[PDB]
């Protein structure tokens, strides 16, 4: 199974894109996130198919419409009144709640990400950059507030190598998914959270993003992103 999205689009300023997203999903959460070229991940909004009212980030409140069609098995994001700023890659992500998703708040992880639909139109704080010694331990901080990490919401961490979609790295605060080696650890204390990598390898050189739910803005929020670079001995 892999989320399949519509193809890239070149749109004039002022137009609207409708990006499709199909599971080749009524139990899951659909979440839409974008990444403008060279920037971090932004949460756009999300829906619980069939039983859901769509939920949007305030940046995108009057311009985005998230729909789900049960028949055709596809989820749609329609962003209207496009500016140059909306040039980005648009991802859709499936969230597991262990069974059925009452709400987008209860998502454990967004495990399956889409492709990228690239649309070209003619907050948690992270260290922007961290340098690590190969074979040694690095940490990446995620600092939040009493509306998110400190409200009792768990931190997820994602990895992005160049060109791919994020990959889930730890959910829970500390839980490794299947496939993620023991070298990665997670920790949460108060209003801050941390990813640690031990025995650093040249392959670990990637961008890392944390994520949590915020109850005051009632949505998902991402960190600014961390560019981990592995040094030489």
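Positions refer to the first chain, counted from 1.
- Unmodelled stretch separating residue 122 from residue 123: 10 or more residues (count of deposited-sequence residues without coordinates).
- For the pair 4 to 12 and 222 to 230, the mean B factor over Cα atoms is greater in 4 to 12.
- The mean Cα B-factor in the deposited entry runs higher for 61 to 69 than for the other of 185 to 193 and 61 to 69.
- Highest CA B-factor among the listed residues (130, 155, 82, 89): 82.
- Residue set 166, 199, 38, 49: peak C-alpha B-factor at 49 (per PDB entry).
- For residue 211, the recorded CA B-factor ranks within the lowest third of the chain. Only modelled residues enter the ranking.
- For residue 56, the recorded CA B-factor ranks within the middle third of the chain. Only modelled residues enter the ranking.
- Per the PDB record, residue ranking by Cα B-factor puts residue 97 in the middle third of the chain.
- Sort the chain's modelled residues by C-alpha temperature factor and residue 171 lands in the lowest third, per the entry.
- The PDB entry assigns residue 77 a C-alpha temperature factor belonging to the highest third of its chain's modelled residues.
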